[PDB]
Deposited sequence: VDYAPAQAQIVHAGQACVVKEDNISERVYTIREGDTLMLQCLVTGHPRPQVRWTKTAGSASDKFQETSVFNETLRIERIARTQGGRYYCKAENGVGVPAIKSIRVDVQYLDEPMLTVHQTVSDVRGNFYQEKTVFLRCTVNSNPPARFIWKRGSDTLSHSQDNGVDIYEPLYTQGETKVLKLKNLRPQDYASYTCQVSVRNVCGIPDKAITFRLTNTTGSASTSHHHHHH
């Protein structure tokens, strides 16, 4: 007889895995792809294998595990299904073995854009939800930087926000402005954009 050992090994459609000498630590995968995590076990008799997502406030002594037959599979994984997943191997010999890995679900939503004018200045306010944090690119057909052009995060934000302030209103430069959001194509996630036609 021998006590149970556990080892988490990535499978499926992750884009990035992070590991160290002891075990695999992070499983990064694009929202909507298919997660697969193996739990290889040792010891005799053959250990039973359980998985669990630590959802809730109660401590480990009360989290609902499930007998799972080694391989955890989540098709069309959602941004809300990220976090720490625990493998538990037990064969009745010694103490149960428990390992865990962090799942990072990455995504880039289409951004939101709202306009506001006071007197004549123009504020274009772009928000997006993403993981990892997104890069904001403001364009007028061609990219724009600091023509009395101020680009800043505003004081009040419910999330990732970038404001484009246009101070003077020349006759020229009275057309379309674009907020392009990027995660630099991690996980193969392309950019997205929203355009406002100024008049």
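What the model leaves out of the deposited chain are the segments 1 to 2, 122 to 131, 159 to 162, 216 to 230.
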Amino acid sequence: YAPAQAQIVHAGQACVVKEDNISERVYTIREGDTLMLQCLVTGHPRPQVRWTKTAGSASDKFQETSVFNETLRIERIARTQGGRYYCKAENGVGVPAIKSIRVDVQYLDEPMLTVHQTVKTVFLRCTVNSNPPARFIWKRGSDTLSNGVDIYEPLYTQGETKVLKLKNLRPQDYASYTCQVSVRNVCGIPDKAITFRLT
From here on, numbers count along this sequence of modelled residues.
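Per-stretch averaging of Cα B factors for 91 to 99 and 73 to 81 places 91 to 99 on top.
Here the stretch with the larger average CA B-factor, out of 13 to 21 and 171 to 179, is 171 to 179.
Which of 132, 32, 154, 43 has the largest Cα B-factor in the deposited entry comes down to 43. Taking only the listed residues 137, 37, 58, 26, the entry reports the highest CA temperature factor at 58. Per the deposited record, the Cα B-factor of residue 124 falls in the middle third when ranked against the other modelled residues of its chain. In this PDB entry, the Cα temperature factor of residue 106 sits in the bottom third of its chain's modelled residues, the lowest group. Residue-level temperature factors show residue 7 in the middle third of its chain, judged at the C-alpha atom.
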